[PDB]
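Okay, so here's the structure we're looking at.
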Amino acid sequence: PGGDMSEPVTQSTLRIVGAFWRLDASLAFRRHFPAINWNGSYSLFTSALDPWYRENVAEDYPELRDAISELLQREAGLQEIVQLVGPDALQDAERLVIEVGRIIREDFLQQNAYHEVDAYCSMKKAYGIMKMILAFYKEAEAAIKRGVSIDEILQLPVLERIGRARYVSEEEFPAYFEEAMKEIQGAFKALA
Amino acid sequence: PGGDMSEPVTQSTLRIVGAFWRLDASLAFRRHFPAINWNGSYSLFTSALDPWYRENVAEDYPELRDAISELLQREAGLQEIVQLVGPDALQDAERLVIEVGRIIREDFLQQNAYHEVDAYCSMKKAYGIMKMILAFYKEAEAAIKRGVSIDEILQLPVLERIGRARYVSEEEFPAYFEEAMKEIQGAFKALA
Amino acid sequence: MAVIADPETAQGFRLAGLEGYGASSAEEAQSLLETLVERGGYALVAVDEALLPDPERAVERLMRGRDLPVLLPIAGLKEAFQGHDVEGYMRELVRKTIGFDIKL
Amino acid sequence: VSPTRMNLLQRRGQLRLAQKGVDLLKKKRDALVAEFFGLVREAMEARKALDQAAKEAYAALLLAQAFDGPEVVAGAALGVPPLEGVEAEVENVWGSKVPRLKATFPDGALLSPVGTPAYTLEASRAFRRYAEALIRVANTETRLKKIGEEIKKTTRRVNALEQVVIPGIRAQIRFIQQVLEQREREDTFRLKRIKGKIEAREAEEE
Amino acid sequence: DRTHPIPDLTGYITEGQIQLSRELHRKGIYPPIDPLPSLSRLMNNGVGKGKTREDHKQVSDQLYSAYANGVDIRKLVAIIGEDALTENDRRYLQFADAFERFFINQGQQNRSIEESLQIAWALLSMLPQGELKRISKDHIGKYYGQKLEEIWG
Amino acid sequence: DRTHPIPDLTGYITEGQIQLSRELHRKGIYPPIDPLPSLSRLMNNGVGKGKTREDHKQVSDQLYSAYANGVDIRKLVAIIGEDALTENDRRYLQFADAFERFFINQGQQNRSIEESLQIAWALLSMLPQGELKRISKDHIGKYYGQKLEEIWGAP
Amino acid sequence: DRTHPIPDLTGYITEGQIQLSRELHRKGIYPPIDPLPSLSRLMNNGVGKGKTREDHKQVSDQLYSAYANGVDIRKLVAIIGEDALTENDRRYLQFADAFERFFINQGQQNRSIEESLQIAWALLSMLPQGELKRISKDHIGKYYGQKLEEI
């Protein structure tokens, strides 16, 4: 009736189903489409489906998926601090985490069903975008260890390259991802 | 039964009567009579009776009544914060709203049926008391705007006259009310 | 106003019109601070960090009922010439009052 | 507490007011922190200014006791009395009063201002400015402490609410709802019994 | 539970009720009678001039007002703490505590109506003259001022 | 009580609701419709170009957001004070007051959609350009700026 | 809801209860058993000499005391803050965290009774020898001191 999950119908359903996808109008108000809340959603099919992933999509897809999940969790666990204080006030590591959470949300979770190409994505496209994001994260963490200011990372040209991976075609994607990985390894070498 | 207003009899009555005089246990416990719950009471004959009030009571009686309704609703809104944080946490204007609310509760809505005078009140007497209260509120609000300390307004002697007006005899009332209006103008005019 | 520090600067503070007393150790400094605080008077006391970094954390047991005196950690004489991290002072102060120690 | 429908509605209204109060307290805290993070800037600027003022005053005083006899300087200092020129007024900050040292600073109250040493008299102005800086740093620091305690109090209230009050009212609401459902079930059972009674009467004895 | 059918119907039938309080019982007050939920319908027919004493009714009304204020201020302290209480609020709290300890609590003792009125007056003297809005000025002149020490100690 | 069977089932079957507020009624406002808990589920399909004006959806969204902000500031100012509020917050306060006084409280007058949208733009003119985050630039340019004197003269 | 008829009637019939906690699950702990509200009514008669070993009951009671004290201190930190905690409070909070991380979080290990007791003794050794009020001095002497070197 009013979104309360305590009712018998929803409780009986959740007892017997495997995946719960929590649509939320909050995400829609934020223009995050599809509007699925990754904190309350859950799937009981990942462990049994892992072997299929290792055999078909990539031997490391489970690892990248779990890493993305953990990174989103860390972005969520910093909410109290960003609630009490603004976003800029956070130290380098936390600010990197927030920006990477933003890029994850906007360029991997988001999908536009009215787009000619983005309406559909294969598991290899997802593996590619996730690998791009995680490689960028590792390089950025190293760079901030080296002492580069977060502003430089915020304006790195690899951001445009990784943000447009959604709008690229299925057949063209492999070369694009190879080039993006090369350019991710390169773009940090030039920076001090 | 139990004071519950959700009984079938009370609900059936709600849908047929033009006025609902809801009594309250909290007020009666405090020996505050008539003990009518203002928030949960209503009338439906007010609009249709405006011409009669203009002819037989005062040409601005409807507006004074509506002003008191406005003040009581402002008090009801502010009481949420009062419960949250307490009277001292409020600003001075809100404190004045609260104090005038108490003045209306005790000096206008309160009425003693075992008294030889206050057991009955005429329409013109009610109008005079309401005019006194509204004039005082305007004066005190202006004073707060000119910087007078709210604690100093509550000690103005005119408040005792406003509070004792109930017990003035019907025949004597007009002189008392003219004097009270004069004194209300004076009590702030002297401060300047 | 009163200040407790080394004898050399105590005479200077007295020249400034304040009250100065020689201090050279933590125990004597704390005892003198207690004497000054229990002695009703000026509302400010300046304490060097070298002898008592947190005077309030050491003598909080008295001024709770009378918070008129003010304790301010003043930079030490030796540290004054060679300097100290002022940014660190406010950083640690935020760490103390909010507990998040986040800034930049 | 009495399980009744009106009591349930009142409890739900209380819950709504509590949620609204949590939002209100959060917004007040946001205002407090917005002020605190600027008042810290003011405090740090004052602290650096005071550091510079103290450095220059100490530099000025250092040479005074070298060229001239220290004993004469001490005597001249003793000549100056320890007068009072600080007015500890109260300033209203976020509904609280704090000591503001709005010192009148009477320059003409210094008895025997003239000092026999040539440079001692000039050094007095430097220490007057240093004392003004010390007063300023104290004034900002006290208000910073006050705002810190206000933010701590507000967060105590918010946490108390969201961790003790709201769950308690939720438990009360669930209890009352359960009792009402039980009463409804008993009423349905009774109605079934009596309807069966009348039906059996008609069927058997008509 | 006052909402239970038995007390509810009885109160709808009878002419008042004296309701005990478990909170006062735990504090040791006897008779543990809470006056706010209590009531006597026919009271006005047996009190006043020529029956008990002229100040009776107004004294009872004022006692109810003050005790209700005290209970409300207790609820306010439960959420804000004593440090924030103004002087009048503390006077009302002290009145509520003294009320509970010296008017409600009497043990096994026969108090004449005159003694009871005297105690009520000594207690109301804890409040400023002007706050007694329910008691007529002449009664205030004739009975206000006596201190509680004059009765005990 | 919205949890009651009659309104809950009606909500299941019907599409939205127009909610009357007792606070507005006691404050003297007629018709006392509180926009915040009101919803029209079909509004989108019946609004826009070729039916009404082009700026209707965005104006409704901006009115909703601004009124919500204003009520929030109104609650907070009772404890922090008018001075404590920033300037944009004060703008929201005045906007909410004007919205209640001139938009919601229309008495018995018959307002065409054009007159209502004119009032809406007049109310939105109080907030600075750039705080109208939910209206396209062209719409703001074309319709922003009109003073409240257009309707304040004959409310 | 522990007051639901199913858990309530089961508790009235059974001889104890093992309870899982959502906090330990949100922390990523397996198995997420919360020791404090759990209980085994028959435990006293199935541990000790000739059944496990002589330190079992005292160690269990001491672990209960230490973890409950740590949780009480943890909820005491929601008032005065970390800076106000004393040395004993720091030790107890650290023990509670390490307890959660090692004694409860065991994944799919098939810990033996001896292994579990060794882990418990290592975790207890963080606290001072004098605070182990519930363990006989002999057992403290025999098994105290081992660090968390096994990881």
Side-chain angles (χ1 to χ4, degrees), chain C residues 57 99, chain D residues 152 155-156 159-160 162-164 167-168, chain G residues 2 11 16-44 47-48 52-106 111 113-151:
Chain C
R57 198 168 73 171
Chain D
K152 295 286 106 174
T155 295
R156 290 178 190 173
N159 291 324
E162 189 144 313
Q163 299 272 13
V164 176
Chain G
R2 192 176 158 65
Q17 55 172 19
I18 305 306
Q19 282 162 323
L20 309 188
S21 60
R22 293 188 185 278
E23 317 104 13
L24 299 176
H25 205 236
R26 289 163 206 163
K27 277 191 203 25
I29 293 159
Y30 177 100
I33 296 164
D34 197 326
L36 305 183
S38 304
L39 166 74
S40 189
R41 286 194 203 189
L42 305 195
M43 165 166 171
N44 53 324
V47 299
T52 54
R53 81 191 194 213
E54 64 272 15
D55 296 359
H56 194 165
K57 188 202 190 352
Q58 291 176 339
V59 164
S60 64
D61 269 14
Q62 182 44 68
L63 286 170
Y64 196 97
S65 65
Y67 181 57
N69 179 353
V71 168
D72 301 317
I73 296 174
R74 211 144 67 180
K75 220 187 301 213
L76 190 136
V77 184
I79 307 295
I80 67 176
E82 169 56 78
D83 56 355
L85 315 180
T86 187
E87 292 178 351
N88 290 337
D89 293 347
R90 287 155 215 150
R91 275 200 293 250
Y92 284 117
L93 291 175
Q94 301 276 23
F95 168 86
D97 289 345
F99 185 85
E100 291 178 352
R101 217 251 284 177
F102 280 88
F103 200 70
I104 303 177
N105 191 73
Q106 77 180 74
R111 292 194 186 162
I113 178 56
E114 290 105 347
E115 297 158 21
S116 288
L117 289 175
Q118 290 173 338
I119 296 139
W121 259 121
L123 269 154
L124 283 171
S125 293
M126 292 156 83
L127 298 172
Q129 171 170 163
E131 317 309 338
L132 299 185
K133 302 293 184 66
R134 294 164 178 270
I135 300 170
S136 85
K137 314 315 305 324
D138 291 345
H139 308 146
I140 298 167
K142 273 195 75 171
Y143 299 89
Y144 183 100
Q146 192 173 1
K147 294 177 179 178
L148 294 172
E149 293 177 350
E150 172 262 322
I151 47 166

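Protein chains get the first letters and strands the later ones, always in sequence-line order, with residue 1 at the start of each. Keep in mind that the numbers below use all heavy atoms, side chains included, and drop hydrogens, waters and symmetry copies.
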How close do [X] and [Y] get, heavy atom to heavy atom, and via which atoms?
{"X": "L85(G)", "Y": "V77(G)", "answer": "CD1-CG2, 3.6 Å"}
{"X": "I79(G)", "Y": "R156(D)", "answer": "O-NH2, 3.8 Å"}
{"X": "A68(G)", "Y": "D72(G)", "answer": "O-OD2, 2.7 Å"}
{"X": "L127(G)", "Y": "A66(G)", "answer": "CD1-CB, 3.9 Å"}
{"X": "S38(G)", "Y": "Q19(G)", "answer": "OG-N, 3.1 Å"}
{"X": "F99(G)", "Y": "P35(G)", "answer": "CE2-CG, 3.8 Å"}

Starting at [atom1] of [X], measure out to [atom2] of [Y] and round the result to the nearest 0.5 Å.
{"X": "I33(G)", "Y": "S21(G)", "atom1": "CD1", "atom2": "OG", "result": "9.0 Å"}
{"X": "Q118(G)", "Y": "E115(G)", "atom1": "CD", "atom2": "CD", "result": "7.0 Å"}
{"X": "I18(G)", "Y": "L39(G)", "atom1": "CD1", "atom2": "CG", "result": "8.0 Å"}
{"X": "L124(G)", "Y": "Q146(G)", "atom1": "CG", "atom2": "CD", "result": "12.0 Å"}
{"X": "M126(G)", "Y": "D97(G)", "atom1": "CE", "atom2": "CG", "result": "8.5 Å"}

Is the backbone of [Y] close enough, under 3.5 Å, to the side chain of [X] for a donor and an acceptor to pair up by distance?
{"X": "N69(G)", "Y": "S65(G)", "result": "no"}
{"X": "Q129(G)", "Y": "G141(G)", "result": "no"}
{"X": "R111(G)", "Y": "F103(G)", "result": "yes"}
{"X": "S40(G)", "Y": "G16(G)", "result": "no"}
{"X": "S125(G)", "Y": "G145(G)", "result": "yes"}
{"X": "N105(G)", "Y": "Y30(G)", "result": "yes"}

**Message:** With side-chain contact (heavy atoms from CB on, under 4.5 Å) as the test, pick out the partner of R91(G) among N88(G), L93(G), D89(G).
**Reply:**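 Testing each of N88(G), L93(G), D89(G) against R91(G), the sole residue satisfying side-chain contact (heavy atoms from CB on, under 4.5 Å) is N88(G).
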
**Prompt:** Aromatic rings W121(G) and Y144(G): how do their planes relate, parallel, tilted or perpendicular, breaks at 30° and 60°?
**Reply:**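 Because their plane-to-plane angle is over 60°, the rings of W121(G) and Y144(G) count as perpendicular.
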
Please examine the side chains of [Y] and [X], heavy atoms only from C-beta on, and report whether any two atoms are closer than 4.5 Å.
{"X": "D34(G)", "Y": "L20(G)", "answer": "no"}
{"X": "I113(G)", "Y": "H56(G)", "answer": "yes"}
{"X": "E114(G)", "Y": "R53(G)", "answer": "yes"}
{"X": "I151(G)", "Y": "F102(G)", "answer": "yes"}
{"X": "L36(G)", "Y": "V71(G)", "answer": "yes"}
{"X": "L132(G)", "Y": "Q62(G)", "answer": "yes"}

**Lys/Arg N to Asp/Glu carboxylate O, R74(G) vs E100(G), below 4.0 Å** =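 Yes.
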
**Request:** Kindly confirm or rule out a cation-pi arrangement of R134(G) over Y64(G), judged by NZ or CZ under 6.0 Å from the six-membered ring centre and within 45° of its axis?
**Result:**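 Because its charged atom misses either the 6.0 Å distance or the 45° angle limit, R134(G) does not stack over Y64(G).
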
**Message:** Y143(G) vs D138(G), test: side-chain contact (heavy atoms from CB on, under 4.5 Å). Steps then yes/no.
**Reply:** CA-CA 9 Å; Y143(G) 299 89; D138(G) 291 345; over 6 Å; no

**Asked** Side chains of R41(G) and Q17(G): donor-acceptor distance under 3.5 Å anywhere?
**Response**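 No - no donor-acceptor pair under 3.5 Å links their side chains.
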
**Prompt:** If we ignore angles and hydrogens, is there a donor and acceptor under 3.5 Å between the side chains of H139(G) and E54(G)?
**Reply:**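 Side-chain D/A pair, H139(G) to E54(G): absent.
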
**Message:** Would you say CD of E82(G) has more than 12 non-hydrogen atoms from neighbouring residues, nucleotides or ligands within 6.0 angstrom?
**Reply:**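 Check passes, neighbour count above 12.
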
